[PDB]
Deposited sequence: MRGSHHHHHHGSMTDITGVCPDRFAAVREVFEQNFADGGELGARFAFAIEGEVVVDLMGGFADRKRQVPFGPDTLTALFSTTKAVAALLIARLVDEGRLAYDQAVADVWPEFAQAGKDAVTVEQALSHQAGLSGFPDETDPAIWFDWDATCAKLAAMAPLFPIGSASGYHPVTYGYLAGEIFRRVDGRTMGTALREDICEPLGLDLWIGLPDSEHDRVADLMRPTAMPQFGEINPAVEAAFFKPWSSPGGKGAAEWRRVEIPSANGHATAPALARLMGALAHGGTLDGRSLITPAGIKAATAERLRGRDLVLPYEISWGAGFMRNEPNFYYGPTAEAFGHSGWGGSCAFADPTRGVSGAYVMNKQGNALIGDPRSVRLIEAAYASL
């Protein structure tokens, strides 16, 4: 396997681990980026963008991020709160009056973003194309009765979270998340990161290789059932799925784009001299809302306001208070404000680890062991 990119002598262990991930068919293509105070210092590429292995996974290759996108949604909300346009303990119904139905009139923003609001999936018969109709999806969520109580256990919302976060954002900011992301962050800072991908970018999107075997969920319950095991649990063709905005699942990016964005959260909220958020705003967004066994993801999880915190599983390295989010098949992006570092692993061969895919964990551990 030809590994290319930048990797200083200080991070030689990262290149070694990266090369080993490609051994014995562990990859199709992948990119790993590691940043110190917002500056990308490691950016390695290997393998192929296409299932035929005829096209290199290269500098402009975009990949679907799946739930790694949720870290971007969380940041966009965190900015609204930091700007004083929204408060984490504000009732969702205050900005989205229709949400008050079925007893949800007191659910707060931070409760929704930490998977407490009981809307992990639709339990009842649902058209599987509803997800392509933003208004119909939000209307169904607004009318839905929660599947479990606030402040009991989190029950990860794999798809619905993007509509909860996105609609709160839209009603407060005015723009969609993807539009604000592009206008306020990605265009000015030159980040190759998108929610809602125009057709002109589709030719550089990597093929995906679907998992060899299903992930091993925990005990069945109505939340995991609705979230993952219905005919309608997941979202028409590949181009429309790219074009629309699904802030829980359909972001597209390169690994350095995510490492730079999370790097700003690791470096006082500033990226290339531009303040995205205050330190106070970062601290408010990442504070633990609750911790314990998740009803949907088969893990003990400490949730911030949409960010996954690192303890107790340490899939983002050794710092307990680091944070980020991981994606279906193995991608991830994280920030460590304590050490000032950030990183992202973006690949197109999907594994069956819902979080903590060992390809990403080994790379992050090698990066930290190089510090």
Taking the deposited sequence from residue 1, the uncovered stretches are 1 to 13, 249 to 250
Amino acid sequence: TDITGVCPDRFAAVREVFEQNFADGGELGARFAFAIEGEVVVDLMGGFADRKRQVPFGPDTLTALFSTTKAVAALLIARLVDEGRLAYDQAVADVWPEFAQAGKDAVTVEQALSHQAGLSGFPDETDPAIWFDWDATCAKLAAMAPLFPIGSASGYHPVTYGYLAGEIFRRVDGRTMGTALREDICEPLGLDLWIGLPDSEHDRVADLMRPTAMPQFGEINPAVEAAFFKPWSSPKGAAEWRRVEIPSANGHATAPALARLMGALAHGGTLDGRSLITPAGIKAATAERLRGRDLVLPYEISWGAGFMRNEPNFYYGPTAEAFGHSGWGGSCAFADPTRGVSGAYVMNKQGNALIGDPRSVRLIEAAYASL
From here on, numbers count along this sequence of modelled residues.
As stated in the PDB record, which stretch has the larger average Cα B-factor, 241 to 249 or 202 to 210? 241 to 249
When the C-alpha temperature factors are averaged for each of 69 to 77 and 82 to 90, which stretch ends up with the higher value in the entry? 82 to 90
Can you tell me which of 104, 260, 182, 115 has the highest Cα temperature factor in the record? 104
Can you tell me which of 281, 162, 97, 155 has the highest Cα temperature factor in the record? 97
Would the CA B-factor of residue 13 place it in the lowest, middle or highest third of its chain? middle
Is the Cα B-factor recorded for residue 193 in the lowest, middle or highest third of its chain? lowest
Within this chain, which third does the Cα B-factor at residue 356 fall in: lowest, middle or highest? middle
Lowest, middle or highest third: which one holds residue 345 when the chain's residues are ordered by CA B-factor from the entry? lowest
Position of residue 339 among the chain's modelled residues by C-alpha B-factor, lowest, middle or highest third: highest
